[PDB]
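Below you'll find the structure, written out as structure tokens, and then a few comments.
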Amino acid sequence: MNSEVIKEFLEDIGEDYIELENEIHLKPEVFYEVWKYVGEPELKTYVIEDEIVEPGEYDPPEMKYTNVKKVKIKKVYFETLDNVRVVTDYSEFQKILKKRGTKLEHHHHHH
């Protein structure tokens with residue numbers, strides 16, 4: 001299927017997609033269903049260390065120095081025939097996996 005098919009599928013079910021040009025960011029629960037809908041292939045996960053910066057908290061006296069925090073978050077996506085990457089929170093994804101008790105085999109019955 002093409003990514004255009006996925007958009008039409010989302011249209012029918014009634015869900016919004018966040019497309020950032022070749023990146024379709026979806027909701028974890030939707031992703032889980034679409035994943036198996038397309039035959040559940042291998043997922044590609046990436047790590048992005050995104051640091052949260054300090055706004056300007058005026059509470060501690062100007063002598064101590066506030067620090068930014070490096071959030072290394074793991075996210076998951078799969079690429080379609082159109083090279084469109086459907087990205088989803090891997091943190092939330094595994095959270096749903098653990099919730100439903102979906103055990104990921106070391107060798108999937110689709111390869």
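If you're wondering about the labels, chains in the structure tokens are A, B, ... by order shown, residues count from 1 in each chain, ligands from 1 in order shown.
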
Contacts of stretch 4-30 of chain A with stretch 73-82 of chain A up to 10 Å, shortest pair per row, only C-alpha atoms, as CSV:
residue,atom,partner,partner_atom,distance
A:4,CA,A:82,CA,9.0
A:6,CA,A:80,CA,9.7
A:22,CA,A:82,CA,8.0
A:23,CA,A:79,CA,9.0
A:24,CA,A:77,CA,9.0
A:25,CA,A:77,CA,8.6
A:26,CA,A:77,CA,9.6
A:28,CA,A:76,CA,9.8

Secondary structure check, helix (DSSP H, G or I) residues of chain A, as a ChimeraX atom specification: /A:3-13,28-37,90-100

Using N, CA and C atoms, can you export the residues from the last selection as a short mmCIF file (atom, residue, chain, number, x, y, z; two decimals), in the first residue's frame?
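Result file follows (selection_20.cif):
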data_model
loop_
_atom_site.label_atom_id
_atom_site.label_comp_id
_atom_site.auth_asym_id
_atom_site.auth_seq_id
_atom_site.Cartn_x
_atom_site.Cartn_y
_atom_site.Cartn_z
N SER A 3 1.34 5.42 1.14
CA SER A 3 1.04 6.25 2.31
C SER A 3 -0.30 6.94 2.14
N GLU A 4 -0.66 7.18 0.88
CA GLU A 4 -1.93 7.80 0.54
C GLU A 4 -3.09 6.91 1.00
N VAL A 5 -2.88 5.60 0.95
CA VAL A 5 -3.87 4.63 1.41
C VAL A 5 -4.06 4.75 2.92
N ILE A 6 -2.96 4.96 3.63
CA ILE A 6 -2.99 5.10 5.08
C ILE A 6 -3.80 6.33 5.48
N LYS A 7 -3.63 7.41 4.72
CA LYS A 7 -4.36 8.65 4.98
C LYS A 7 -5.86 8.45 4.79
N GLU A 8 -6.22 7.69 3.75
CA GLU A 8 -7.62 7.37 3.49
C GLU A 8 -8.18 6.46 4.57
N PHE A 9 -7.34 5.54 5.05
CA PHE A 9 -7.73 4.66 6.15
C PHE A 9 -8.02 5.47 7.41
N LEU A 10 -7.16 6.45 7.68
CA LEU A 10 -7.34 7.34 8.83
C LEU A 10 -8.60 8.18 8.66
N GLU A 11 -8.91 8.51 7.41
CA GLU A 11 -10.12 9.27 7.10
C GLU A 11 -11.36 8.47 7.49
N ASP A 12 -11.38 7.20 7.10
CA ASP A 12 -12.52 6.34 7.38
C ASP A 12 -12.72 6.14 8.88
N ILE A 13 -11.65 5.73 9.56
CA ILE A 13 -11.74 5.45 10.99
C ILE A 13 -11.99 6.73 11.79
N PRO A 28 0.09 6.60 19.41
CA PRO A 28 0.58 5.24 19.72
C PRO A 28 -0.47 4.15 19.56
N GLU A 29 -1.68 4.40 20.06
CA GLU A 29 -2.75 3.41 19.98
C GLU A 29 -3.19 3.20 18.53
N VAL A 30 -3.19 4.28 17.75
CA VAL A 30 -3.53 4.20 16.33
C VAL A 30 -2.42 3.46 15.58
N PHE A 31 -1.18 3.80 15.91
CA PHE A 31 -0.01 3.20 15.30
C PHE A 31 -0.03 1.68 15.46
N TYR A 32 -0.34 1.22 16.66
CA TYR A 32 -0.37 -0.21 16.96
C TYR A 32 -1.33 -0.95 16.04
N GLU A 33 -2.47 -0.33 15.77
CA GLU A 33 -3.50 -0.95 14.93
C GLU A 33 -3.11 -0.88 13.45
N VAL A 34 -2.59 0.27 13.03
CA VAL A 34 -2.15 0.44 11.64
C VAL A 34 -0.97 -0.47 11.33
N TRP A 35 -0.09 -0.64 12.32
CA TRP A 35 1.06 -1.52 12.19
C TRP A 35 0.63 -2.92 11.79
N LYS A 36 -0.29 -3.50 12.54
CA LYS A 36 -0.78 -4.85 12.24
C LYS A 36 -1.66 -4.85 10.99
N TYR A 37 -2.29 -3.71 10.71
CA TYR A 37 -3.15 -3.58 9.53
C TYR A 37 -2.34 -3.76 8.25
N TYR A 90 7.93 5.62 21.08
CA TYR A 90 8.29 4.25 21.41
C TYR A 90 8.10 3.99 22.90
N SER A 91 8.26 5.05 23.68
CA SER A 91 8.02 4.99 25.12
C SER A 91 6.57 4.63 25.40
N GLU A 92 5.66 5.30 24.71
CA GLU A 92 4.23 5.05 24.85
C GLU A 92 3.87 3.71 24.20
N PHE A 93 4.54 3.40 23.09
CA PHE A 93 4.29 2.17 22.35
C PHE A 93 4.56 0.94 23.22
N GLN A 94 5.75 0.88 23.83
CA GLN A 94 6.08 -0.23 24.72
C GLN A 94 5.19 -0.22 25.95
N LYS A 95 4.79 0.96 26.37
CA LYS A 95 3.85 1.12 27.47
C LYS A 95 2.53 0.41 27.16
N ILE A 96 2.07 0.55 25.92
CA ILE A 96 0.86 -0.13 25.48
C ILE A 96 1.12 -1.63 25.31
N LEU A 97 2.31 -1.97 24.84
CA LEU A 97 2.71 -3.37 24.69
C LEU A 97 2.66 -4.08 26.04
N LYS A 98 3.26 -3.47 27.05
CA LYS A 98 3.27 -4.02 28.40
C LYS A 98 1.86 -4.06 28.98
N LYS A 99 1.03 -3.12 28.54
CA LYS A 99 -0.34 -3.02 29.02
C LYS A 99 -1.17 -4.20 28.54
N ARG A 100 -1.14 -4.46 27.24
CA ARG A 100 -1.90 -5.56 26.66
C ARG A 100 -1.16 -6.88 26.79
#

Test item: residues at most 12 Å from residue A:55, only C-alpha atoms, excluding those fewer than 5 positions along its chain, as a ChimeraX atom specification: /A:66-68

For residue A:15, the nearest of the candidates A:27, A:71, A:45, A:87, counting only C-alpha atoms: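 Residue with the minimum atom-to-atom distance to residue A:15: A:27.
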
Those of chain A in DSSP strand (DSSP E), formatted as a VMD selection string: chain A and resid 18 to 19 23 to 25 44 to 52 69 to 79 85 to 89

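In this model, the gap between atom CA of residue A:20 and atom CA of residue A:49 comes to 19.6 Å.
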
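Computed from the coordinates, the atom CA of residue A:83 to atom CA of residue A:51 distance equals 28.0 Å.
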
Shortest interatomic distance to residue A:17 - which of A:52, A:43, A:104, A:86, counting only C-alpha atoms: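 Looking at the shortest contact to residue A:17, the residue is A:86.
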
Atomic separation - atom CA of residue A:89 relative to atom CA of residue A:111, Å: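 Straight-line distance from atom CA of residue A:111 to atom CA of residue A:89 works out to 24.0 Å.
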